[PDB]
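Peer 1: Sequence, then the experimental structure. Questions to follow.
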Amino acid sequence: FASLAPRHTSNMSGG
Amino acid sequence: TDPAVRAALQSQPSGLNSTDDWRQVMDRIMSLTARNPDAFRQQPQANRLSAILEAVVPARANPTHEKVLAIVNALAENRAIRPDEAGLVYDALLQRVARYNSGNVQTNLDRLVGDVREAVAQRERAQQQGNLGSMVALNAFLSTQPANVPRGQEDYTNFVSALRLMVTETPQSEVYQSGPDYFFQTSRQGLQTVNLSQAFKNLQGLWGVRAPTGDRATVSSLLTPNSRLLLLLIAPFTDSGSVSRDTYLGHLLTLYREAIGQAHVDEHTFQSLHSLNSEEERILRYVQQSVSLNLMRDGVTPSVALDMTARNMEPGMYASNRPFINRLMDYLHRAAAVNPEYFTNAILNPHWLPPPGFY
Amino acid sequence: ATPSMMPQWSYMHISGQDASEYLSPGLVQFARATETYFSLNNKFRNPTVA
Amino acid sequence: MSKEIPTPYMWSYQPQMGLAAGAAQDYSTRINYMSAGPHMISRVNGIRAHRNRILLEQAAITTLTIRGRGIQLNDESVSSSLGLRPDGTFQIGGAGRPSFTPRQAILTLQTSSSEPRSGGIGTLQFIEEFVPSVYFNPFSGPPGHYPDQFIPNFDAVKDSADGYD
C-alpha cells in the first residue's frame, strides 16, 4: 500500500 | 524461388516430362516404370502414337533462348541490372547473338552459363562469409593509425586484434571511409555507426594510464560517447584477461561483457481407468431406451425386458460387440435380480455410466 | 515512470525531489529563519507528481 | 546536432495496421538554452548524454472454481439432478440447471485460435519493443546504407513508395 498518494460527527449540537 | 541461375532459368523454358528426358519417356511407354505400370497402354490412340513417333525419331531443338535467358537471369540475380533492364537486355543479347551466330558462339555461350552459375554461387557464399572488403578497409585504416602507444602497448594491440576479430566474425557489418575518417556500421540499413577515427583519437590517451585512475571518476568525462559505443560493440569480444583488468577501459569492458552475457543466456532459455468408446456409449443409450420403453409401456418383467431388447438389435453390430453387450446384459440382469432400486435408477437416468469394478 | 526522460526532468524541477530536498541545507535553514519578513519559498519551484 | 550526443529519434505508431510508421527527431521536448553560459550548457549536454545512455541500454537489454473469464465458475460432472427422460409416457415440464461440464464445456470455452497469426504488432508490444532509438553518426555511409525505416513513405520490399500512385 501507500504507493498511491500524490507524491510531491456532526450531530445537532457540538459547538 | 531458386538462386542457381540454371535452376531458376530452366523453370521458364521447359515443358513437363516431354522428350527432353528421353530415358524416362521410353521407360514409361513400354512397361518399365513401377510406380503406375500399364498407364500408357490405355491412352487414346492418337496420343499413344504420337509419343511413340516422337520417341523413335527425336525432334531437334534450338537451345539459344535457354542459354541466353540463363545468363540474363544470372545478371539479374547478381545486381548487374534492374529487372526492367533484364527484360530489355534479354532481347538485346538475343539480337546480338542472332546477328553473329556460329558454333564457336554457342560453345562460348555454354562456357558462359557455367561461369555465371559459379559466379552467382560464389557471390552468395562470399556475402555470407565475411565481406573481405570491410577487412581491407579496416586494414587500410589501421595502417593509417600509429602502432605505438607510449603509455601501455599490450592492451592497445590486444584491443586492435579484438576489433579485427569482431569485424571478421560478424558478416553484414560495414567498414568504409566516407570523408576523411573511417566508420563502422554494425549492419546495412542499421543504426550504431561508430566514428572509428575519432574513437581511436580519443582513446589514444587512455590506454596505459587509466588503470590507477579507474577508481575515481575524475577523468571519466574524457570518454566521448562515440568511443563508449565503440567499446560497447566489442563487449562480446575481448574476453576476460585480454585487456588488463583494474583499468577504466578494462572495467568498462568487463561490465559490458557480464551484462550482455546474462542476457543472451537468459534469452535462449525463454519460457476410472476404463471408460467406453462412443460406439459403446451409443449401444448403452439404446439399451437404456429400449429396456425403459418395454418395462414402462408393456409391463413385462425386467428379465424378459432385457431379453426383448437384445433381440431387436442390428445383427452386424450385435456380433461385432458381442463381449461388451453380453457383459452389460449380465450386469443389468444381476442388478435387477439383487437391487431393484439401483437397477431402476441406472436404467432410467441418463448421464449414468457403469461404475468401476464392472470391468 | 519514464526512465528515458527522468534526468531531463529532474534538472528542470518538473518531477523529482522536492524544494527542500535539493537545496543546500544552509539555504533551507536560512529560509526557515527569515520566512516571516523576507519570503523565499515562492522563488523556487516545487514539483508535484501524480 | 553533435554526432556524439544526438537528440534521439522517436518512433511513430500506426494503430491500424500494427506496423511502425516513420520516426523523427524529438521535437517537442527540446531545451532552449540559447541564453545560457558555458556552465549550464555543459550541464545540459551532460544531461542529454545521460538520457542517451539510459536509452541505449534500455533498449538493447530489456527486450473447482476455475477463473473462467473473470467471474469464476464452479464445475460439477455428476450434478445431474433430473434423472428422468421423457419416454412414451412421461411429459417433462420446464427444467434446466446450467452447469459447465468439466471437460467438454470448459475446454471448448477456452480453446485458442485454430492457427496462430502472422502480421502486425499490438500497442503494448510496440511500447515494449520500439523505444526511442539514438542515431549516433547520422547518414555517415554510402547511398543505400542509410536506415530506411525512418522515412514513413518507404516500403521494405518495394523501395521508396511513391505517394499518390
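Peer 2: Yes, it's here. Residues are numbered from 1 along each chain as shown, chains lettered A, B, ... in the order given.
Peer 1: Checking the residue in chain D positioned nearest to chain B next. Helix, strand or coil?
Peer 2: Going by C-beta to the nearest C-beta, chain B is nearest to residue D:83 of chain D, at 3.3 Å. For every residue, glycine as well, the C-beta is placed using N, CA and C. Here residue D:83 is coil, with the state taken from DSSP: H, G, I helix; E, B strand; the rest coil.
Peer 1: cool, and residue D:11?
Peer 2: Classification of residue D:11 by three-state DSSP places it in strand.
Peer 1: If we look just around chain C, which residues of chain D are in range?
Peer 2: Within reach of chain C by C-beta under 8 Å from any C-beta of the partner chain, chain D has these residues: D:29, D:31, D:43-44, D:47-48, D:50-51, D:54-55, D:58, D:131-132.
Peer 1: What values do phi and psi take at the residue nearest to residue B:188 when sequence neighbours are not counted?
Peer 2: The shortest distance from residue B:188 to any residue other than its chain neighbours is 5.6 Å, reached at residue D:145 (C-beta to C-beta, 6 or more residues apart in numbering or on different chains). Per-residue torsions, residue D:145: phi -100, psi 10 (degrees, to the nearest 10).
Peer 1: thinking again about what came up before, just flag the most distant two among the residues of chain D next to chain C.
Peer 2: Farthest-apart pair in the residues of chain D next to chain C is D:43 and D:131; separation 24.8 Å (C-beta to C-beta).
Peer 1: Between those two, which has more neighbouring residues?
Peer 2: In this view residue D:43 and residue D:131 are compared by other C-beta atoms under 10 Å in any protein chain shown, and residue D:131 has more residues nearby, 18 against 13.
Peer 1: can you list the residues of chain C near chain D?
Peer 2: Chain C comes close to chain D at residues C:3-8, C:11-12, as judged by C-beta under 8 Å from any C-beta.
Peer 1: Now, those residues that are in strands?
Peer 2: Within those, no residue falls in strands by DSSP state E.
Peer 1: Between those residues, identify the one with the most neighbours.
Peer 2: Greatest neighbour count in the residues of chain C next to chain D, by other C-beta under 10 Å, goes to residue C:8: 19 neighbours.
Peer 1: Please tell me how far that residue sits from chain B.
Peer 2: Distance of residue C:8 to chain B, computed by C-beta to the nearest C-beta, to the nearest Å: 16 Å.
Peer 1: Distance-wise, check that residue relative to residue B:202.
Peer 2: Applying C-beta to C-beta, to the nearest Å, the value for residue C:8 to residue B:202 is 25 Å.
Peer 1: Tell me who's in contact with the most centrally placed residue in chain C.
Peer 2: Centroid-nearest residue in chain C: residue C:19, 2.0 Å away (criterion: C-alpha atoms, centre = their mean). Residues in contact with residue C:19 (C-beta atoms under 8 Å, 6 or more residues apart in numbering or on different chains) are C:13, C:41, C:44-46.
Peer 1: In the residues you listed, find the pair that's most separated.
Peer 2: Maximum pairwise distance in these, criterion C-beta to C-beta, is 13.6 Å, between C:13 and C:41.
Peer 1: Report how many residues lie close to whatever residue of the stretch 51-200 of chain B ends up closest to chain C.
Peer 2: Residue nearest to chain C within the stretch 51-200 of chain B (C-beta to the nearest C-beta): residue B:191, separated by 16.4 Å. Residue B:191 has 18 neighbours, counted by other C-beta under 10 Å.
Peer 1: what are the phi and psi values for it?
Peer 2: Dihedral angles (degrees, to the nearest 10) for residue B:191: phi -80, psi -160.
Peer 1: list the contacts for it?
Peer 2: When contacts are counted by C-beta under 8 Å, 6+ apart, residue B:191 touches D:133-136, D:147.
Peer 1: Find the residue closest to the residue of chain D closest to chain B in space, skipping its chain neighbours.
Peer 2: Residue nearest to residue D:83 in three dimensions, not counting chain neighbours: residue B:349, with 3.3 Å by C-beta to C-beta, 6+ apart.
Peer 1: quick one on the thing from earlier: of the residues of chain D next to chain C, which count as buried by neighbour count?
Peer 2: Neighbour counting by 16 or more other C-beta atoms under 10 Å in any protein chain shown classes D:44, D:47-48, D:51, D:54-55, D:131-132 among the residues of chain D next to chain C as buried.
Peer 1: The residues you listed into TSV, with extra columns for distance to residue B:330 and secondary structure?
Peer 2: As requested, those are arranged in TSV below (distance: C-beta to C-beta, whole Å; DSSP: H, G, I helix; E, B strand; the rest coil):
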residue	distance to residue B:330	secondary structure
D:44	94	helix
D:47	90	helix
D:48	89	helix
D:51	84	helix
D:54	80	helix
D:55	79	helix
D:131	74	coil
D:132	78	coil
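Peer 1: Point me to the helix or strand that includes the closest residue to chain C within chain D.
Peer 2: Here the residue of chain D nearest chain C is residue D:50; by C-beta to the nearest C-beta that distance is 4.7 Å. Under the criterion of DSSP states H and E, residue D:50 resides in helix D:38-61.
Peer 1: and for that helix, what are the contacting residues?
Peer 2: By C-beta under 8 Å, 6+ apart, helix D:38-61 touches B:225, B:228-229, B:232, B:259, B:263, C:3-8, C:11, D:5-8, D:31, D:33, D:36, D:131-134.
Peer 1: So which residues of the stretch 101-250 of chain B form helices?
Peer 2: B:103-127, B:132-144, B:154-169, B:196-203, B:225-233, B:248-269 (DSSP state H, counting those that start in this stretch).
Peer 1: picking that back up, and the residue nearest to the centre of chain C, what are its phi and psi?
Peer 2: phi -60, psi -40.
Peer 1: Pick out the residue nearest the middle of chain D.
Peer 2: Nearest to the mean C-alpha position of chain D, by C-alpha atoms, centre = their mean, lies residue D:125 at 2.2 Å.
Peer 1: With just CA atoms, put the helix or strand that one falls within into PDB.
Peer 2: Assigning secondary structure by DSSP H and E places residue D:125 in helix D:123-129. Taking C-alpha atoms only, helix D:123-129 is exported to PDB below (Å, rounded to 0.1, in the frame of the first residue of the first chain):
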ATOM      1  CA  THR D 123       0.100  -1.500 -28.800                       C
ATOM      2  CA  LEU D 124       1.600  -2.900 -25.600                       C
ATOM      3  CA  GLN D 125       4.300  -4.900 -27.500                       C
ATOM      4  CA  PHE D 126       5.000  -1.900 -29.600                       C
ATOM      5  CA  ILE D 127       5.600   0.200 -26.500                       C
ATOM      6  CA  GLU D 128       7.800  -2.500 -25.000                       C
ATOM      7  CA  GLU D 129       9.800  -3.000 -28.300                       C
END
